[PDB]
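Peer 1: Here is the sequence, then the experimental structure:
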Amino acid sequence: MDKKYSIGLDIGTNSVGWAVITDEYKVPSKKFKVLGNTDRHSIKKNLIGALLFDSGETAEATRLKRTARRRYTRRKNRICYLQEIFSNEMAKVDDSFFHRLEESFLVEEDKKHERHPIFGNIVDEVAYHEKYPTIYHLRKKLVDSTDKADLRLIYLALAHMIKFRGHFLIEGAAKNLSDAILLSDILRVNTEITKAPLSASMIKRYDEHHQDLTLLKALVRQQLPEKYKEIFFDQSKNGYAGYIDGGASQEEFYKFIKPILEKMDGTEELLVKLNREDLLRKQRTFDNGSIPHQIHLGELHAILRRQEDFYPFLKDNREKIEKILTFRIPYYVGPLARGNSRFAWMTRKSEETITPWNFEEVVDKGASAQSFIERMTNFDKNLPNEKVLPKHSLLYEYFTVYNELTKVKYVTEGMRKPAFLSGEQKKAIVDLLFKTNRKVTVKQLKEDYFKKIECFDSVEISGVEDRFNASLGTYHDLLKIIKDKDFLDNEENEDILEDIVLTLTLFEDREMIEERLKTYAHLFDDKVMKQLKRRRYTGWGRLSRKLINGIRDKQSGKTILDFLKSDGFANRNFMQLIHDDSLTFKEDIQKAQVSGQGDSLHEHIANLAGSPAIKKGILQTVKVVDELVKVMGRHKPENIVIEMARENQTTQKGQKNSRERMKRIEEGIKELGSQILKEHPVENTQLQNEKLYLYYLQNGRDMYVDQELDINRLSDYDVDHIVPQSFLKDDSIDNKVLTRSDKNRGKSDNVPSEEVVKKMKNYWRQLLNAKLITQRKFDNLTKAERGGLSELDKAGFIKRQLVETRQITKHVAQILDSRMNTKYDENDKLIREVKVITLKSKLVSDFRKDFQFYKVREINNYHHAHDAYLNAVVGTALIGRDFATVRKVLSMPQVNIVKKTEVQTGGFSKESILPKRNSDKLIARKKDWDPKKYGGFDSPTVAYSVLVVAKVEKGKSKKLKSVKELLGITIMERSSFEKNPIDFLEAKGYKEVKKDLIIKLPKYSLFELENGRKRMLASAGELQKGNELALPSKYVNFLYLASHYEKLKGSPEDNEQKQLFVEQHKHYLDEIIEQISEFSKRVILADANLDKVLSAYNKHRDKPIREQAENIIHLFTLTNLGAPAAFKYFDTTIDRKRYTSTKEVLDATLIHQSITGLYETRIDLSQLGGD
DNA sequence: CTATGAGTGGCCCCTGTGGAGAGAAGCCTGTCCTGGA
DNA sequence: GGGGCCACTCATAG
RNA sequence: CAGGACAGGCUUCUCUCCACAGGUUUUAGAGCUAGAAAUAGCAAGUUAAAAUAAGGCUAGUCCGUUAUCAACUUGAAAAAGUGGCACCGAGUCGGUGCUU
């Protein structure tokens, strides 16, 4: 007899809870059959549990890395092109020169020729490096002199130029002076005359650095002898040696040298330079990020112009060289892939290889742009075979206005029931008021159309309250451009103007927008064409031209747009028109609903919107529910599923923050009283852009440094996050702030310095009074006073996870409703055996709180399944003995807490590079670079592990020994291992392989040991805690109340009763401490740490209750699942215990756990490995 | 007399920005509409 | 947060 | 009860593509003098080349960190199938009965 049962689930980023209950709020218990060769044949499990899993990763890192690979590859390709163009000439003077350049990184033994790269002999190399201390000296000497030089010199020069060409941010009488001021900002020197002033500026820096170094050496040796060697010889310290020969930065060097100059007299000029960040500065600095590539282009032009008389090929290929330095892949064409890549959409005019000298000819740029723009366009929900139209299209805005005008019923004198506006009325109103005014209110219509044209002095309007929000913006702009209303009113130009708007919306560039309209050059004058070219439009709608005006109703021959213009007495709007059975439009909608191939559950789940983690979670959830319905006996439940929660906030504050952003910035400027607003016009559409919004927030003063802002400099200004990037991922505006480029590039993963905070706190306080900056934004400035980045600051819940845990309502809804019911009735109406029930967390939260079912996450991982069970019971209840039954249900220790096993994928190892050492644990960077001579990567990640039984040769005697040990397979070797395990094991050094004994052991492969102690295989040589502490509900409640001794929210009576319970049960602390000690001595085995914790507890017996409870909460980290984590107990700090022993699980028993852990196959190793 | 597993503590982790577009989700205001119970 | 590696010490087989 | 689009405003995030600066490692940049050597003293200190996941064949200025994954039988793979129930209790599940 099919019993009636329900299912409850709690969904999170990393967890999936599942629980099945009967009608009486009781979870059924079932005894199953276990597979394997073990003694135990039948075990009993309850029908509750949860599945833990890792968080899904966003693709941002992968996309950034892919862009990095393409960037590096194209850089090397440019280098290769330059090498090809010099190869024919260079081989005449030196054939092996490029061979030396390509083989610099090798050691002398591995090098084929002599170790000196440039000249090949020590004399000329030393002469080079003494004549030119830096490459910029060589650049300057070539650019200013008129003497023939060596081709190697110019090769090194141009190679340096091409590799670091510079930015493209700048495009394209007084303008010459402004350019000179721009260079003056760029270049520290102004007086010296030359065609390559960058070299002059940097050589100036070099000379002053050298002179100041000499002065410091002399004076320091004169006055302070003992610190001389530390400054100029101790590389380990943070002195000059660390600044140059060490890993120290410029700011660190300044910080360390400031006390030295403070204790030292005569440091006036040195302190002045240090306050200007202009002392002892290097060649390669973080300040070069603002260098425009135009300077490099001009210097290249000058050097080629000077050197062209010496070599014909230079003047023959100078245009090509300029192209290489200036060429760039258009941002809309995309990857230049010939079909094989899944990211490409470029169209090929021919089949030749794409080169920077023929890219324009070979690829259809217009078709490429159309393909790029069309990829991300949403398709019509009703006509999947048609595209949406630009939001600035005349037809779309006519749709908007007429739909707004469709439900404008008017009440007059001499009438009884409100009447729809006639089509003639609509047309007259539009032509008389909308074609003349950008914004129209109800007063305008009443006083200008009904009273003036219709002679209806008093008219009442229904369906419009404030005004007609929609506008003829594009129409009015085109009226200003063309000034021909007859052309606009002509219906034979509808297609012409539609393609005009389409072209204005598609292409962002100027050459394309000019080119495609060239066909229509016979319509208007040149000035109209130019102004149209200057015009731009962005955005797309949700409807299609075919629906509104393409298709015609068969019995009437009328379009939907025509119906909107005049629908008679009915005057249906868009929704009634699409939902009216009297027209074939609904039939066309139904027919166009293509019944495409049923997408696989992976495809349906993946085609959704959101992070990969949320679809991973929904896939896990559906797999779990499928397994539960399968095992139960293939009978469907009645009431199931989601808990989904929001905080809706109050409507008033959200509305008031939403309204008047433009007027909010205006009121802020008014409060400050600065004349900025009158200086520069303000527009809400401009406030939509982020950059101008930040500029107006700054009120002309930079946060970091005293500076006067500029409109043009806004392009050079860069937004930086005050909160460090890697420490915490945030793109919120309150975190974001505008600052000058040097300040942004100066600090990476660093909070602003304390001194800057001190000097700018006054202006920041004035901004806070102005209310332009939020309190959190002020706190990011204040974070320096807090002490910088800290552990507790990073331990903050990320908002994206919350967004997703709100986001997965509807998707679960339709997938359950779809797989749930695949059959219809005779009327084709769908009948449901199960109904999806959705509830918010507030109901179950008050259910917990009013009935003492509190929540502590850090006790153990039992809470997910408990919340799922509570969700089930509350969902059943909404649609005494029950509470007692729930109390018993939440008490069993036998809960199928199982973590899913994965094959680790991602990075091969850590990204850092370590110097060479005499060890075997390093990783070669290539197939031929021994880490002994070159270092390499370290700490490679392991993919999974196998248990290998074979014979190994031990000792110098090479005596074979039968062994049974596990060897970890890294991600570096997954393909090799899966390709041919036998050959791989033979090459490694294992002979007589027992292929049947290889067991695929991914991460978290749980191994069961003596006394119920369990361990998950963390890695090839690491283990993590496998058991969990079953804390009784009484201790849970007492601990939660003790932790909340002073912060209970409620009536005084209930709080006082809870306080009395807390104080009367003081002995519970000793009980839980002894329970933790017993659990440790049983499964954790942390005798040293256990003794430390017990000694600290005895020391702190008289401490206040709250601090004790907080510390007890800190203690469960030792007893929690997973890896151990460091924690602090009162004042005492306890280190982590790392299980680096892997000899013990070689004799234990494996248990493979099903997705819910109800079906398992226990396998004994002690029987395996027989000889 | 010397090498090597096994235990404990302390230590280390690549970064930053510009340009261009599209989409999605959330909140609010107004409009109306659609199917039900 | 959490796993990999080296400095230090130490028992045991060869 | 639920959904929709409209238009406006606000906030947040995702997805895809094009560029720029660094950073790290190895080597080149004659180190000198007293002293057999340890050592001592002195001199100099800015730069260059290469690499930036092993590599792969579909050979492209293409791709390589997203997604998927208990065990057994079948299938190359996708995929399909494979495993009893009722009652009483509870410290990692156990106790009783029926049939297989």
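Peer 2: Received the coordinates, thanks. Residues are numbered from 1 along each chain as shown, chains lettered A, B, ... in the order given.

Peer 1: Closest residue of the stretch 951-1100 of chain A to DNA strand B?
Peer 2: At 5.7 Å from DNA strand B, residue A:1088 is the closest residue in the stretch 951-1100 of chain A, using Cβ to the nearest atom of the strand. In this view, the C-beta of every residue, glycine as well, is placed from N, C-alpha and C.

Peer 1: Remind me what the strand or helix carrying that residue packs against, helices and strands.
Peer 2: Taking DSSP states H and E as the criterion, residue A:1088 maps to helix A:1087-1099. Counting contacts by 3 or more Cβ pairs under 8 Å, 6 or more residues apart in numbering; DSSP states H and E, helix A:1087-1099 packs against helix A:1068-1079, helix A:1105-1119, strand A:1127-1129, strand A:1132-1134.

Peer 1: buried ones in that helix?
Peer 2: Residues of helix A:1087-1099 classed as buried by neighbour count (16 or more other Cβ atoms under 10 Å): A:1089, A:1090, A:1092, A:1093, A:1096, A:1097.

Peer 1: Over to stretch A:906-913?
Peer 2: So for stretch A:906-913, counting by 16+ other Cβ under 10 Å, buried means residue A:909.

Peer 1: From residue A:854, how far out is the nearest residue to residue A:1072 once chain neighbours are set aside?
Peer 2: Of all residues not flanking residue A:1072 in the chain, residue A:1035 sits nearest, at 5.6 Å (Cβ to Cβ, 6 or more residues apart in numbering). With distances taken as Cβ to Cβ, to the nearest Å, residue A:1035 is found 12 Å from residue A:854.

Peer 1: Then residue A:153?
Peer 2: On the measure of Cβ to Cβ, residue A:153 and residue A:854 end up 77 Å apart.

Peer 1: Over to residue A:206?
Peer 2: From residue A:206 to residue A:854 the distance is 68 Å (Cβ to Cβ).

Peer 1: got the residue ranges for the strands in the stretch 101-250 of chain A?
Peer 2: Assigned by DSSP state E, counting those that start in this stretch, the stretch 101-250 of chain A shows no strands.

Peer 1: before we move on, the earlier item: dump the residue contacts of the residue of the stretch 951-1100 of chain A closest to DNA strand B.
Peer 2: Residues near residue A:1088 by Cβ atoms under 8 Å, 6 or more residues apart in numbering: residue A:1137.

Peer 1: Repeat that for residue A:612.
Peer 2: Residue A:612 is in contact with A:56, A:57, A:58, A:59, counting by Cβ under 8 Å, 6+ apart.

Peer 1: For chain A, list the residue farthest from the centre, please.
Peer 2: Distance from the C-alpha centroid of chain A peaks at residue A:414, with 64.2 Å (Cα atoms, centre = their mean).

Peer 1: a strand runs through it, doesn't it?
Peer 2: No. Counting by DSSP: H, G, I helix; E, B strand; the rest coil, one finds residue A:414 to be coil, located in no strand.

Peer 1: Distance check, the closest residue to residue A:832 other than its chain neighbours against residue A:636.
Peer 2: In space, and not counting its chain neighbours, residue A:832 is closest to residue A:821: 5.6 Å by Cβ to Cβ, 6+ apart. With distances taken as Cβ to Cβ, residue A:821 is found 9 Å from residue A:636.

Peer 1: intersection of neighbour lists for the two?
Peer 2: residue A:833.

Peer 1: and whichever residue of the stretch 1051-1171 of chain A sits closest to DNA strand C, what are its phi and psi?
Peer 2: Proximity to DNA strand C, evaluated over the stretch 1051-1171 of chain A using Cβ to the nearest atom of the strand, is greatest for residue A:1123 at 3.1 Å. For residue A:1123, the backbone dihedrals (degrees, to the nearest 10) come out as phi -80, psi 150.

Peer 1: Might one say that the residue nearest to residue A:832 is in contact with residue A:836?
Peer 2: No. Using Cβ atoms under 8 Å, residue A:821 is not in contact with residue A:836, being 10.9 Å away.
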